[PDB]
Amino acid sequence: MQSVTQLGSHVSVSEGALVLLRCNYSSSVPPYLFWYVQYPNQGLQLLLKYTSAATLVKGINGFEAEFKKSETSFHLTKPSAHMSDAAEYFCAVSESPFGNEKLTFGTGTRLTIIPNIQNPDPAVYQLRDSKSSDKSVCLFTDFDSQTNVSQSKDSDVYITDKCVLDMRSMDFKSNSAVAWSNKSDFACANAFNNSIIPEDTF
């Protein structure tokens, strides 16, 4: 139980790539180790636990972790990252085999997965405001994961970071970002002037 560290607060991997999250502990007494995951809108849930029973410990959702005494580590691996793996992961140590006594948690690693966009044609579109408030929004969509969106300088204008959505029945993922304003001179054709692609439709 005495202490725990999670080196790397943020990890980003490609859909398909090795996931590795670090956990390292000190303990005056024999440690019992624990990996917890916290999916988006959900609570803490146990992935796996090390009792003094075996070294390589298989857990839920295709995670594994090897307990190494000689390196004071219990690293969490999975060979192939899925989009559904995006979450925060928390390592923990206790003095009880079961986890009955106080768990001391580490600082957490947010895991993000970068989607493999299959066949990209980027585009900027204007979306009809559903009422009479002629503040349209503009939608940058279908860009490759390479592309990054950048904030505005002129802040009567609001842009949001890139986002990923999966339409599971069509086996289709696509990135999007949204720009909008109340300014009547705000053209969609010229929001998003940052790290764009030459071949975007309009």
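When you see a residue number, it is the position in the sequence shown, counting from 1.
On average the C-alpha atoms of 176 to 184 have higher B-factors than those of the other stretch, with 9 to 17 and 176 to 184 being the two compared. Looking at 160 to 168 and 38 to 46 together, the entry lists the larger mean B-factor for 160 to 168, computed on C-alpha atoms. Taking the deposited Cα B-factors for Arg128, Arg110, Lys78, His75, the highest one is held by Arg128.
Taking the deposited Cα B-factors for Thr104, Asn119, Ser96, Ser84, the highest one is held by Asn119. The entry lists a Cα temperature factor for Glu66 that places it in the lowest third of the chain's modelled residues. Looking at the C-alpha B-factors along this chain, the one for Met1 belongs to the middle third. When the CA B factors of the chain's modelled residues are split into thirds, the value for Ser26 lands in the lowest one. Annotation for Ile60: C-alpha temperature factor in the lowest third relative to the rest of the modelled chain, per the entry. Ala54 sits in the middle third of its chain by CA B factor, as recorded in the PDB entry.
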